[PDB]
Amino acid sequence: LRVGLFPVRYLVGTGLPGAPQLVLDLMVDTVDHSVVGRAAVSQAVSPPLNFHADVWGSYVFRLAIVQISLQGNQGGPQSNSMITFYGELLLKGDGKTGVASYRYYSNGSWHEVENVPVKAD
């Protein structure tokens, strides 16, 4: 428990049956402005979409928005694997709600999810 770190969990998605769902488990170091964690994308479709990536990035606060930029792959930033994930979270100033877009790589192609709600915990 260093002073500048706290965790946060984000629920990203419309929440509609069959819509894509992203859960981000992030650790936030408020010193370096850095973010690290895991992204899990699922979808209750046939067949099922079960995308996962180790993610890292940073955040920027703009007056009140908190913008979180993420990219991800299999293994983290020290892995030399290709990035299979991009995400951008625009939280409202309270840091509990906002909008997000992301891209993940699956079946030899990229898939983009744009402007979906975000919730904390």
# chains A, B, ... in the order shown; residues from 1 in each chain; ligands from 1

$ residues_around --residues "residue 118 (chain A)" --least-positions-apart "3" --cutoff "10 Å" --atoms "only C-alpha atoms" --output "list in words"
residues 10, 11, 12, 13, 14, 22, 23, 89, 90, 91, 92, 95, 96, 97, 98, 99, 100, 101 and 115 of chain A

$ residues_around --residues "residue 59 (chain A)" --least-positions-apart "4" --cutoff "7 Å" --atoms "only C-alpha atoms" --output "list in words"
residues 33, 34, 35, 66, 67, 68 and 69 of chain A

$ closest_residue --among "A:32, A:88, A:94, A:54" --to "residue 120 (chain A)" --atoms "only C-alpha atoms"
A:94

$ closest_residue --among "A:30, A:43, A:71, A:107" --to "residue 17 (chain A)" --atoms "only C-alpha atoms"
A:43

$ residues_around --residues "residue 18 (chain A)" --least-positions-apart "4" --cutoff "12 Å" --atoms "only C-alpha atoms" --output "VMD selection string"
chain A and resid 13 to 14 42 to 49

$ select_by_dssp --residues "chain A" --states "strand (DSSP E)" --output "mmCIF file with N, CA, C and O atoms, in the first residue's frame"
data_model
loop_
_atom_site.group_PDB
_atom_site.id
_atom_site.type_symbol
_atom_site.label_atom_id
_atom_site.label_comp_id
_atom_site.auth_asym_id
_atom_site.auth_seq_id
_atom_site.Cartn_x
_atom_site.Cartn_y
_atom_site.Cartn_z
ATOM 1 N N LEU A 5 -1.449 4.813 -4.620
ATOM 2 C CA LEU A 5 -2.182 3.780 -5.331
ATOM 3 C C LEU A 5 -3.529 3.500 -4.690
ATOM 4 O O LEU A 5 -3.645 3.453 -3.465
ATOM 5 N N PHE A 6 -4.530 3.279 -5.538
ATOM 6 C CA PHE A 6 -5.823 2.739 -5.162
ATOM 7 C C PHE A 6 -6.356 1.961 -6.355
ATOM 8 O O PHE A 6 -5.992 2.264 -7.502
ATOM 9 N N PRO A 7 -7.200 0.958 -6.125
ATOM 10 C CA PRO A 7 -7.844 0.226 -7.216
ATOM 11 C C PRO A 7 -9.174 0.848 -7.634
ATOM 12 O O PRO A 7 -9.761 1.658 -6.923
ATOM 13 N N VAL A 8 -9.632 0.461 -8.825
ATOM 14 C CA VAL A 8 -10.969 0.843 -9.294
ATOM 15 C C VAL A 8 -11.416 -0.170 -10.340
ATOM 16 O O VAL A 8 -10.617 -0.698 -11.110
ATOM 17 N N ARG A 9 -12.708 -0.472 -10.304
ATOM 18 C CA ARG A 9 -13.347 -1.427 -11.194
ATOM 19 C C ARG A 9 -14.367 -0.663 -12.032
ATOM 20 O O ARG A 9 -15.206 0.064 -11.485
ATOM 21 N N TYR A 10 -14.307 -0.836 -13.347
ATOM 22 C CA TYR A 10 -15.232 -0.183 -14.259
ATOM 23 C C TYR A 10 -16.097 -1.184 -14.998
ATOM 24 O O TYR A 10 -15.616 -2.228 -15.433
ATOM 25 N N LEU A 11 -17.389 -0.901 -15.052
ATOM 26 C CA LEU A 11 -18.321 -1.644 -15.883
ATOM 27 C C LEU A 11 -18.621 -0.821 -17.135
ATOM 28 O O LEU A 11 -19.136 0.300 -17.046
ATOM 29 N N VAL A 12 -18.210 -1.336 -18.292
ATOM 30 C CA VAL A 12 -18.311 -0.626 -19.566
ATOM 31 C C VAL A 12 -19.301 -1.360 -20.474
ATOM 32 O O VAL A 12 -19.026 -2.490 -20.884
ATOM 33 N N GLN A 21 -19.826 -6.520 -23.192
ATOM 34 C CA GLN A 21 -19.569 -6.064 -21.828
ATOM 35 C C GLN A 21 -18.078 -6.079 -21.501
ATOM 36 O O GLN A 21 -17.430 -7.125 -21.595
ATOM 37 N N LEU A 22 -17.552 -4.941 -21.069
ATOM 38 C CA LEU A 22 -16.171 -4.815 -20.637
ATOM 39 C C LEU A 22 -16.078 -4.505 -19.150
ATOM 40 O O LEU A 22 -16.720 -3.565 -18.675
ATOM 41 N N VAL A 23 -15.292 -5.291 -18.419
ATOM 42 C CA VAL A 23 -14.968 -5.020 -17.017
ATOM 43 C C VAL A 23 -13.483 -4.700 -16.939
ATOM 44 O O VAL A 23 -12.646 -5.539 -17.281
ATOM 45 N N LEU A 24 -13.151 -3.557 -16.373
ATOM 46 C CA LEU A 24 -11.764 -3.184 -16.187
ATOM 47 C C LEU A 24 -11.425 -3.202 -14.712
ATOM 48 O O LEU A 24 -12.046 -2.492 -13.917
ATOM 49 N N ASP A 25 -10.435 -4.020 -14.359
ATOM 50 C CA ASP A 25 -9.863 -4.021 -13.028
ATOM 51 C C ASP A 25 -8.516 -3.325 -13.085
ATOM 52 O O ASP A 25 -7.531 -3.889 -13.569
ATOM 53 N N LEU A 26 -8.485 -2.107 -12.566
ATOM 54 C CA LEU A 26 -7.373 -1.181 -12.694
ATOM 55 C C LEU A 26 -6.815 -0.910 -11.302
ATOM 56 O O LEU A 26 -7.544 -0.970 -10.305
ATOM 57 N N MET A 27 -5.511 -0.669 -11.240
ATOM 58 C CA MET A 27 -4.825 -0.109 -10.082
ATOM 59 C C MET A 27 -4.327 1.256 -10.511
ATOM 60 O O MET A 27 -3.669 1.361 -11.550
ATOM 61 N N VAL A 28 -4.551 2.289 -9.708
ATOM 62 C CA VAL A 28 -4.229 3.635 -10.171
ATOM 63 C C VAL A 28 -3.152 4.206 -9.274
ATOM 64 O O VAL A 28 -3.343 4.312 -8.061
ATOM 65 N N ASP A 29 -2.038 4.624 -9.877
ATOM 66 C CA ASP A 29 -0.972 5.301 -9.154
ATOM 67 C C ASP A 29 -1.129 6.776 -9.487
ATOM 68 O O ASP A 29 -0.810 7.209 -10.599
ATOM 69 N N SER A 34 -0.304 6.859 -13.757
ATOM 70 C CA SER A 34 -0.328 5.593 -14.462
ATOM 71 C C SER A 34 -1.487 4.700 -14.015
ATOM 72 O O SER A 34 -2.032 4.835 -12.914
ATOM 73 N N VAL A 35 -1.897 3.814 -14.920
ATOM 74 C CA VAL A 35 -3.030 2.931 -14.697
ATOM 75 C C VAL A 35 -2.571 1.559 -15.144
ATOM 76 O O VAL A 35 -1.915 1.433 -16.178
ATOM 77 N N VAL A 36 -2.871 0.534 -14.366
ATOM 78 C CA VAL A 36 -2.567 -0.815 -14.808
ATOM 79 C C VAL A 36 -3.682 -1.747 -14.366
ATOM 80 O O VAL A 36 -4.306 -1.541 -13.324
ATOM 81 N N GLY A 37 -3.911 -2.800 -15.140
ATOM 82 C CA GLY A 37 -4.914 -3.775 -14.743
ATOM 83 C C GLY A 37 -5.238 -4.729 -15.865
ATOM 84 O O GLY A 37 -4.392 -5.041 -16.703
ATOM 85 N N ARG A 38 -6.488 -5.164 -15.884
ATOM 86 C CA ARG A 38 -6.968 -6.189 -16.794
ATOM 87 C C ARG A 38 -8.270 -5.720 -17.403
ATOM 88 O O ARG A 38 -9.077 -5.033 -16.769
ATOM 89 N N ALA A 39 -8.465 -6.120 -18.647
ATOM 90 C CA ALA A 39 -9.686 -5.829 -19.369
ATOM 91 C C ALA A 39 -10.258 -7.186 -19.703
ATOM 92 O O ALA A 39 -9.520 -8.099 -20.075
ATOM 93 N N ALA A 40 -11.547 -7.343 -19.477
ATOM 94 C CA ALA A 40 -12.248 -8.549 -19.871
ATOM 95 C C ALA A 40 -13.479 -8.118 -20.621
ATOM 96 O O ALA A 40 -14.320 -7.391 -20.083
ATOM 97 N N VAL A 41 -13.608 -8.634 -21.832
ATOM 98 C CA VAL A 41 -14.723 -8.330 -22.710
ATOM 99 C C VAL A 41 -15.510 -9.607 -22.914
ATOM 100 O O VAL A 41 -14.946 -10.630 -23.315
ATOM 101 N N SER A 42 -16.804 -9.561 -22.635
ATOM 102 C CA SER A 42 -17.617 -10.735 -22.875
ATOM 103 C C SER A 42 -18.889 -10.307 -23.580
ATOM 104 O O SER A 42 -19.291 -9.140 -23.531
ATOM 105 N N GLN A 43 -19.569 -11.301 -24.139
ATOM 106 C CA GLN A 43 -20.801 -11.052 -24.856
ATOM 107 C C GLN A 43 -21.593 -12.330 -24.851
ATOM 108 O O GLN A 43 -21.041 -13.388 -25.158
ATOM 109 N N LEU A 49 -18.291 -14.334 -27.076
ATOM 110 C CA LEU A 49 -17.049 -13.532 -27.210
ATOM 111 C C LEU A 49 -16.421 -13.431 -25.820
ATOM 112 O O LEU A 49 -17.087 -12.903 -24.913
ATOM 113 N N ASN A 50 -15.199 -13.942 -25.662
ATOM 114 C CA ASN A 50 -14.531 -13.934 -24.335
ATOM 115 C C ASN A 50 -13.122 -13.359 -24.516
ATOM 116 O O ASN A 50 -12.158 -14.146 -24.496
ATOM 117 N N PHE A 51 -13.017 -12.039 -24.702
ATOM 118 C CA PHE A 51 -11.699 -11.396 -24.945
ATOM 119 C C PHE A 51 -11.080 -10.946 -23.620
ATOM 120 O O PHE A 51 -11.816 -10.437 -22.755
ATOM 121 N N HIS A 52 -9.764 -11.123 -23.479
ATOM 122 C CA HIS A 52 -9.069 -10.711 -22.263
ATOM 123 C C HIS A 52 -7.739 -10.069 -22.639
ATOM 124 O O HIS A 52 -7.071 -10.487 -23.584
ATOM 125 N N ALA A 53 -7.319 -9.100 -21.843
ATOM 126 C CA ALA A 53 -6.029 -8.472 -22.081
ATOM 127 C C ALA A 53 -5.517 -7.855 -20.784
ATOM 128 O O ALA A 53 -6.298 -7.375 -19.946
ATOM 129 N N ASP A 54 -4.201 -7.950 -20.600
ATOM 130 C CA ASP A 54 -3.492 -7.154 -19.616
ATOM 131 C C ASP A 54 -3.325 -5.744 -20.163
ATOM 132 O O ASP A 54 -2.803 -5.552 -21.259
ATOM 133 N N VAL A 55 -3.741 -4.756 -19.392
ATOM 134 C CA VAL A 55 -3.783 -3.389 -19.882
ATOM 135 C C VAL A 55 -2.935 -2.502 -18.987
ATOM 136 O O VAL A 55 -2.650 -2.796 -17.822
ATOM 137 N N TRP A 56 -2.499 -1.410 -19.587
ATOM 138 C CA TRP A 56 -1.744 -0.373 -18.922
ATOM 139 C C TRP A 56 -2.045 0.917 -19.635
ATOM 140 O O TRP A 56 -2.643 0.921 -20.708
ATOM 141 N N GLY A 57 -1.814 2.002 -18.937
ATOM 142 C CA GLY A 57 -1.918 3.291 -19.562
ATOM 143 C C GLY A 57 -1.724 4.402 -18.560
ATOM 144 O O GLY A 57 -0.959 4.298 -17.588
ATOM 145 N N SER A 58 -2.453 5.479 -18.788
ATOM 146 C CA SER A 58 -2.342 6.639 -17.941
ATOM 147 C C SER A 58 -3.665 7.379 -18.026
ATOM 148 O O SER A 58 -4.501 7.111 -18.888
ATOM 149 N N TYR A 59 -3.828 8.329 -17.134
ATOM 150 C CA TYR A 59 -4.991 9.190 -17.066
ATOM 151 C C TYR A 59 -4.580 10.651 -17.083
ATOM 152 O O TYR A 59 -3.433 10.992 -16.804
ATOM 153 N N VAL A 60 -5.531 11.497 -17.464
ATOM 154 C CA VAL A 60 -5.371 12.945 -17.557
ATOM 155 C C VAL A 60 -6.687 13.512 -17.052
ATOM 156 O O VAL A 60 -7.751 12.975 -17.361
ATOM 157 N N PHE A 61 -6.628 14.546 -16.217
ATOM 158 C CA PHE A 61 -7.846 15.175 -15.726
ATOM 159 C C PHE A 61 -7.992 16.501 -16.481
ATOM 160 O O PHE A 61 -7.013 17.236 -16.615
ATOM 161 N N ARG A 62 -9.176 16.772 -17.052
ATOM 162 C CA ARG A 62 -9.426 18.035 -17.759
ATOM 163 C C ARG A 62 -10.694 18.732 -17.290
ATOM 164 O O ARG A 62 -11.790 18.166 -17.377
ATOM 165 N N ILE A 65 -13.530 16.440 -16.360
ATOM 166 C CA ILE A 65 -13.479 15.128 -17.000
ATOM 167 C C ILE A 65 -12.217 14.417 -16.526
ATOM 168 O O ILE A 65 -11.194 15.060 -16.269
ATOM 169 N N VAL A 66 -12.317 13.108 -16.322
ATOM 170 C CA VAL A 66 -11.149 12.241 -16.192
ATOM 171 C C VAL A 66 -11.067 11.323 -17.408
ATOM 172 O O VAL A 66 -11.939 10.470 -17.614
ATOM 173 N N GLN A 67 -10.053 11.527 -18.239
ATOM 174 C CA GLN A 67 -9.854 10.756 -19.454
ATOM 175 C C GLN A 67 -8.831 9.667 -19.157
ATOM 176 O O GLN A 67 -7.755 9.949 -18.622
ATOM 177 N N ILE A 68 -9.187 8.421 -19.418
ATOM 178 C CA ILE A 68 -8.286 7.300 -19.193
ATOM 179 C C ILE A 68 -7.990 6.671 -20.546
ATOM 180 O O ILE A 68 -8.916 6.301 -21.277
ATOM 181 N N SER A 69 -6.719 6.622 -20.916
ATOM 182 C CA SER A 69 -6.301 5.932 -22.126
ATOM 183 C C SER A 69 -5.637 4.594 -21.798
ATOM 184 O O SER A 69 -4.810 4.511 -20.886
ATOM 185 N N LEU A 70 -6.039 3.544 -22.515
ATOM 186 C CA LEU A 70 -5.566 2.187 -22.282
ATOM 187 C C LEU A 70 -5.228 1.493 -23.597
ATOM 188 O O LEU A 70 -5.776 1.812 -24.648
ATOM 189 N N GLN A 71 -4.190 0.689 -23.555
ATOM 190 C CA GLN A 71 -3.920 -0.314 -24.554
ATOM 191 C C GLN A 71 -3.568 -1.590 -23.812
ATOM 192 O O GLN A 71 -3.375 -1.581 -22.599
ATOM 193 N N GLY A 72 -3.679 -2.710 -24.503
ATOM 194 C CA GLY A 72 -3.486 -3.988 -23.854
ATOM 195 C C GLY A 72 -3.015 -5.069 -24.801
ATOM 196 O O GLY A 72 -3.089 -4.923 -26.020
ATOM 197 N N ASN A 73 -2.579 -6.187 -24.219
ATOM 198 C CA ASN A 73 -2.117 -7.338 -24.988
ATOM 199 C C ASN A 73 -2.168 -8.557 -24.072
ATOM 200 O O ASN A 73 -2.747 -8.509 -22.985
ATOM 201 N N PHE A 85 -5.778 -4.508 -27.704
ATOM 202 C CA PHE A 85 -6.795 -3.756 -27.002
ATOM 203 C C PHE A 85 -6.448 -2.290 -26.945
ATOM 204 O O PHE A 85 -5.293 -1.926 -26.710
ATOM 205 N N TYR A 86 -7.447 -1.465 -27.249
ATOM 206 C CA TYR A 86 -7.402 -0.040 -27.008
ATOM 207 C C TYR A 86 -8.689 0.408 -26.352
ATOM 208 O O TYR A 86 -9.762 -0.046 -26.738
ATOM 209 N N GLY A 87 -8.579 1.275 -25.357
ATOM 210 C CA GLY A 87 -9.743 1.814 -24.685
ATOM 211 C C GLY A 87 -9.523 3.271 -24.329
ATOM 212 O O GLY A 87 -8.405 3.704 -24.059
ATOM 213 N N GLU A 88 -10.607 4.040 -24.353
ATOM 214 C CA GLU A 88 -10.592 5.434 -23.913
ATOM 215 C C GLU A 88 -11.820 5.655 -23.035
ATOM 216 O O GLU A 88 -12.948 5.491 -23.510
ATOM 217 N N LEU A 89 -11.612 5.962 -21.749
ATOM 218 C CA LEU A 89 -12.692 6.250 -20.798
ATOM 219 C C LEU A 89 -12.733 7.739 -20.473
ATOM 220 O O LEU A 89 -11.734 8.298 -20.017
ATOM 221 N N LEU A 90 -13.891 8.360 -20.642
ATOM 222 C CA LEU A 90 -14.146 9.763 -20.301
ATOM 223 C C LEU A 90 -15.085 9.841 -19.102
ATOM 224 O O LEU A 90 -16.307 9.876 -19.267
ATOM 225 N N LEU A 91 -14.536 9.821 -17.892
ATOM 226 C CA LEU A 91 -15.423 9.852 -16.744
ATOM 227 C C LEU A 91 -15.802 11.285 -16.381
ATOM 228 O O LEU A 91 -15.012 12.218 -16.513
ATOM 229 N N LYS A 92 -17.023 11.439 -15.883
ATOM 230 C CA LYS A 92 -17.454 12.686 -15.269
ATOM 231 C C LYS A 92 -16.642 12.971 -14.017
ATOM 232 O O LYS A 92 -16.107 12.062 -13.379
ATOM 233 N N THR A 97 -19.055 7.913 -13.153
ATOM 234 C CA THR A 97 -19.846 7.673 -14.341
ATOM 235 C C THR A 97 -19.234 8.432 -15.513
ATOM 236 O O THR A 97 -18.543 9.438 -15.334
ATOM 237 N N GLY A 98 -19.529 7.960 -16.721
ATOM 238 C CA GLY A 98 -19.075 8.631 -17.927
ATOM 239 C C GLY A 98 -19.285 7.727 -19.120
ATOM 240 O O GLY A 98 -20.128 6.832 -19.083
ATOM 241 N N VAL A 99 -18.498 7.966 -20.175
ATOM 242 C CA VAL A 99 -18.578 7.219 -21.432
ATOM 243 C C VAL A 99 -17.203 6.699 -21.838
ATOM 244 O O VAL A 99 -16.166 7.238 -21.447
ATOM 245 N N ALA A 100 -17.213 5.627 -22.634
ATOM 246 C CA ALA A 100 -15.991 4.961 -23.045
ATOM 247 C C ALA A 100 -16.157 4.370 -24.442
ATOM 248 O O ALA A 100 -17.261 4.034 -24.868
ATOM 249 N N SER A 101 -15.044 4.267 -25.159
ATOM 250 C CA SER A 101 -14.966 3.522 -26.405
ATOM 251 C C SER A 101 -13.762 2.591 -26.345
ATOM 252 O O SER A 101 -12.758 2.898 -25.690
ATOM 253 N N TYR A 102 -13.833 1.464 -27.044
ATOM 254 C CA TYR A 102 -12.658 0.606 -27.036
ATOM 255 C C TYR A 102 -12.614 -0.271 -28.286
ATOM 256 O O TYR A 102 -13.589 -0.436 -29.018
ATOM 257 N N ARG A 103 -11.446 -0.834 -28.502
ATOM 258 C CA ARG A 103 -11.183 -1.752 -29.585
ATOM 259 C C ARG A 103 -10.372 -2.899 -29.046
ATOM 260 O O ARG A 103 -9.483 -2.711 -28.218
ATOM 261 N N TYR A 104 -10.749 -4.084 -29.472
ATOM 262 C CA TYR A 104 -10.073 -5.313 -29.123
ATOM 263 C C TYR A 104 -9.937 -6.134 -30.401
ATOM 264 O O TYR A 104 -10.683 -5.937 -31.369
ATOM 265 N N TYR A 105 -8.916 -6.985 -30.431
ATOM 266 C CA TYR A 105 -8.581 -7.796 -31.594
ATOM 267 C C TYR A 105 -9.076 -9.202 -31.352
ATOM 268 O O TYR A 105 -8.771 -9.785 -30.311
ATOM 269 N N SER A 106 -9.800 -9.758 -32.321
ATOM 270 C CA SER A 106 -10.426 -11.065 -32.133
ATOM 271 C C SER A 106 -10.754 -11.626 -33.501
ATOM 272 O O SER A 106 -11.316 -10.916 -34.331
ATOM 273 N N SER A 109 -9.389 -9.882 -36.655
ATOM 274 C CA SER A 109 -9.948 -8.582 -37.006
ATOM 275 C C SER A 109 -10.213 -7.785 -35.732
ATOM 276 O O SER A 109 -10.356 -8.346 -34.642
ATOM 277 N N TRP A 110 -10.174 -6.466 -35.874
ATOM 278 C CA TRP A 110 -10.495 -5.528 -34.806
ATOM 279 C C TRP A 110 -11.976 -5.255 -34.737
ATOM 280 O O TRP A 110 -12.664 -5.147 -35.748
ATOM 281 N N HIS A 111 -12.432 -5.048 -33.518
ATOM 282 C CA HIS A 111 -13.814 -4.764 -33.198
ATOM 283 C C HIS A 111 -13.845 -3.526 -32.325
ATOM 284 O O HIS A 111 -13.064 -3.415 -31.378
ATOM 285 N N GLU A 112 -14.685 -2.570 -32.689
ATOM 286 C CA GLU A 112 -14.750 -1.292 -32.000
ATOM 287 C C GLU A 112 -16.131 -1.153 -31.369
ATOM 288 O O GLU A 112 -17.143 -1.500 -31.984
ATOM 289 N N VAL A 113 -16.141 -0.663 -30.132
ATOM 290 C CA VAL A 113 -17.334 -0.399 -29.343
ATOM 291 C C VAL A 113 -17.257 1.062 -28.974
ATOM 292 O O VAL A 113 -16.283 1.479 -28.343
ATOM 293 N N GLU A 114 -18.221 1.865 -29.411
ATOM 294 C CA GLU A 114 -18.070 3.309 -29.279
ATOM 295 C C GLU A 114 -19.146 3.906 -28.383
ATOM 296 O O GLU A 114 -20.320 3.565 -28.497
ATOM 297 N N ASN A 115 -18.719 4.776 -27.473
ATOM 298 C CA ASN A 115 -19.589 5.670 -26.704
ATOM 299 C C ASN A 115 -20.605 4.957 -25.808
ATOM 300 O O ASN A 115 -21.793 5.288 -25.793
ATOM 301 N N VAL A 116 -20.123 4.000 -25.026
ATOM 302 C CA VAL A 116 -20.978 3.240 -24.127
ATOM 303 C C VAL A 116 -20.803 3.721 -22.693
ATOM 304 O O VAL A 116 -19.767 4.312 -22.366
ATOM 305 N N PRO A 117 -21.807 3.547 -21.833
ATOM 306 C CA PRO A 117 -21.723 4.045 -20.452
ATOM 307 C C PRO A 117 -20.634 3.351 -19.632
ATOM 308 O O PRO A 117 -20.179 2.247 -19.942
ATOM 309 N N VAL A 118 -20.194 4.047 -18.584
ATOM 310 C CA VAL A 118 -19.217 3.561 -17.610
ATOM 311 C C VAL A 118 -19.791 3.721 -16.211
ATOM 312 O O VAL A 118 -20.354 4.773 -15.885
ATOM 313 N N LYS A 119 -19.588 2.708 -15.360
ATOM 314 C CA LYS A 119 -19.929 2.802 -13.943
ATOM 315 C C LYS A 119 -18.742 2.277 -13.134
ATOM 316 O O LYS A 119 -18.017 1.374 -13.568
ATOM 317 N N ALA A 120 -18.561 2.846 -11.943
ATOM 318 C CA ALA A 120 -17.582 2.415 -10.954
ATOM 319 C C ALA A 120 -18.037 1.348 -9.960
ATOM 320 O O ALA A 120 -19.222 1.224 -9.633
#
